[PDB]
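We begin with a single chain expressed as structure tokens, specifically the form deposited in one PDB entry.
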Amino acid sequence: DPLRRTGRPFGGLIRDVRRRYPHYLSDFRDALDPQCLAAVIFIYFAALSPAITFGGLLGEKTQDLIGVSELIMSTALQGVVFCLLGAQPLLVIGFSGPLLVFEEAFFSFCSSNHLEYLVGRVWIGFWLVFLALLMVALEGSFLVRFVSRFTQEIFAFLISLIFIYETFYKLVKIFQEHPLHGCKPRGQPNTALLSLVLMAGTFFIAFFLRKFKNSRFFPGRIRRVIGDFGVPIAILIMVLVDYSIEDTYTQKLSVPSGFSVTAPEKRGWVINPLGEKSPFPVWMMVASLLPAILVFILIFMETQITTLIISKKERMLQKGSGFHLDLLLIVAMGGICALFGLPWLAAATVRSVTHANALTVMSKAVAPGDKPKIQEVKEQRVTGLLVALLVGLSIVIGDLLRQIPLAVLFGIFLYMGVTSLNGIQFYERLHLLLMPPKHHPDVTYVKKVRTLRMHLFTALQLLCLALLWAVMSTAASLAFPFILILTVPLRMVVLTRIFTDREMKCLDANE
């Protein structure tokens, strides 16, 4: 049991280091496989594009103090360090929504109260590193024992739904700004529909080559190699199709050029801990403790729930996981990077899951029957390091990256979001709301519990998911992690009252 209260200072860190580090050279040896190369090519784009999008937004919201170059550099550095020294190399760390919301709120507060923006973040980072060291010292990371399945399912489903909704909404804007009338360009003809054609074609080629992998055609070796290279093939085909057309205008991928700060006129690489143009007030020196707690809670909840999700016993993870070393590494790197004006980072979730299940291997036939079960996962320390190194070096290239339209990437994002839903009991019980009771499968949670009780459980879970989406839509979206934490007392108090012991054991089974 990794999550045990040892009773000694820093004990969990030592246990994780002793458990994971002996399997070190095997991590580098297990990378010799075409599947790893396919995974690198697939995950490179999925890690590169959100950096550009969120960097554009972040440059817009602030006074161009943090832009796209800084986010790229932070992602590269943190990814390389974490994948060299981490305990779970199947984690992809990058910027997200709640971090952006916090950054814009902090900038608004600093502007209103007449303080610097790049100086308060330094003290926030100092308090973060102090808090992380304190928590790892006392072994406070064993509290993730109480994060049951009832919370992981909600988190995973909500994250995937948000991903899908954002990807779909990014296509309505093209139709809005290039409408169908006929007679930074605006008002072009043949753009809003060519984007839709490219996106749909990419999604459908990806799904067809995914289904072809489990078919009965061609020799097994060739069939499996073609199956695990589906996404690169779809991207290549649609890039060439869009390259053939010469007169129509489509939006391309824009990576900034040169390793430089976005606004060199009023910023440097190193930020003075004290004031840089005016003295820093002393009251803020210790008042920085309050937002540090909020940042710590956000990063902690995201990282720990992601690590729980990708380490289920169904997925064949054999080398072990770490809940103490990973949190310390992530928070320490965030706090140190805040000194250079770089943003804080956290484990992604959709990217982490997509990385984890792009390396799984399935048992082939044994006999005609159901969809195969997972055989192994193939953990290694090379894929994430290569992805981070490539994201860092995407500045020297960029003449090639400007030939890739964005609608091609929208189909890949839709494929990621749709595929990531597999393996979640909430999703599987949502299907059972429609099938008649005689068609239900032979799983444990259908035979041992009545149908109506299972439907009541599903309705109670959907209510919480809708309540969580409502908060994030609301302007008071900084309270989302607290509402997420409140689900633990809910299950520990109310659900135990409503449901009997036998129902609770089967519906919320650990494995």
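The first residue of the shown sequence is 1; numbering continues from there. The term rigid core refers to the maximal set of C-alpha atoms that superpose within 1.5 Å between the two forms.
Below, we turn to the form deposited in another entry, even though it does not appear here.
Of the residues listed here (274, 290, 134, 172), only one shifts its CA by 2 angstroms or more between the shown form and the other one after fitting on the rigid core, and it is 172. Legend note: Cα of residue 257 to Cα of residue 264 is at least 3 Å closer in the other entry than in the depicted form. Annotation for the pair residue 411/residue 59: C-alpha atoms approach each other in the other entry, by 3 Å or more compared with this form.
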